[PDB]
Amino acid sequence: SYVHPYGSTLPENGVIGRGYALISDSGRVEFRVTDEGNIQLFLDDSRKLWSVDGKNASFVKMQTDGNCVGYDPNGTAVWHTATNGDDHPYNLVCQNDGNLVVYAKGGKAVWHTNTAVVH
């Protein structure tokens, strides 16, 4: 299973490493960094909604520059939401609807997985 140090939301400077995850309020939606080096968004611990697989991911960081970035153990990027901007603070939210969303200051959704499968 996965430890949850942040509830549903990765704030600025937040990092999740292997064996850690975001978890929606409902408990159904989980955004995981796996021991196998994959970044995966799961519904009901059984349906893979979205993922970045096979890239040796070590951790995901919601950065102060607004970019949410997955890194390998050596600090090379393996994934970016490419949301960098000046609308701080930014947050990465694992929602009950299944969507994983980067929100900017003022509530603007600036990136999504587009996986809102639970209406």
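Position 1 is the first residue in the sequence shown; the rest follow in order.
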(message) Please compare 56-64 with 86-94 and say which has the higher mean C-alpha temperature factor in the record.
(response) 86-94
(message) On mean Cα temperature factor in this entry, is 97-105 or 17-25 the higher one?
(response) 97-105
(request) State the tercile, meaning the lowest, middle or highest third, of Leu49 with respect to the CA B-factors recorded for its chain. (result) highest
(request) Going by the recorded CA B-factors, say which third of the chain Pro73 sits in, lowest, middle or highest. (result) middle
(message) Splitting the chain's C-alpha B-factors into thirds, which one does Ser1 fall into?
(response) highest
(request) Quick one: classify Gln40 as lowest, middle or highest third of the chain based on its Cα B-factor. (result) lowest
